[PDB]
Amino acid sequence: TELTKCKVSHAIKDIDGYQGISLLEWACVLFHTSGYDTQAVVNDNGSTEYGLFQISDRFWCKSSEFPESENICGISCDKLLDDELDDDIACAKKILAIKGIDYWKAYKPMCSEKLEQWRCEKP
């Protein structure tokens, strides 16, 4: 499903301010990371990144390619391809707590300035 900025901002409300990252920054990050597509599947190198947050099966979630992957998030990668973002968010938090915002390659180059544009002015 291809969500909208506002739909995303609302959905990930609970991650706001975590690790010092605002919703504006996330809205920016997620657009560039997966274009707000909850079913995005990309093959970064030898691994695959899943969903809206593009969580990789290299270490974070468990897929068929990486059977003995760390699966640090303790979840099947397929659960990151639905429209229930609560488990994608929880996994994002663990990544923020362990690796930090830099896991999201788009953050530094595309979301270091002009963040106000990413604000959802919807009630």
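Between two forms, the rigid core is the largest collection of C-alphas that superpose within 1.5 Å. Residue numbers run from 1 along the displayed sequence.
Student: Do the Cα atoms of 78 to 86 stray more than those of 61 to 69 in 8 other deposited structures of this protein, or is it the other way round, with the core held fixed?
Tutor: Larger mean C-alpha displacement, comparing 78 to 86 and 61 to 69 in 8 other deposited structures of this protein, is found in 61 to 69.
Student: So which moves more in 8 other deposited structures of this protein by CA, 23 to 31 or 43 to 51, given a superposition on the core?
Tutor: Once the cores are fitted, 43 to 51 deviates more in 8 other deposited structures of this protein.
Student: Determine, for stretches 62 to 70 and 33 to 41, which one has the higher mean CA B-factor as deposited.
Tutor: Mean B over CA atoms: larger for 62 to 70.
Student: Taking only the CA atoms, which stretch has the higher mean B-factor in the record, 14 to 22 or 103 to 111?
Tutor: It is 14 to 22.
Student: Per the entry's values, where does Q54 land by CA temperature factor relative to the rest of its chain, in the lowest, middle or highest third?
Tutor: Ranked within chain, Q54 CA B lands in the lowest tercile.
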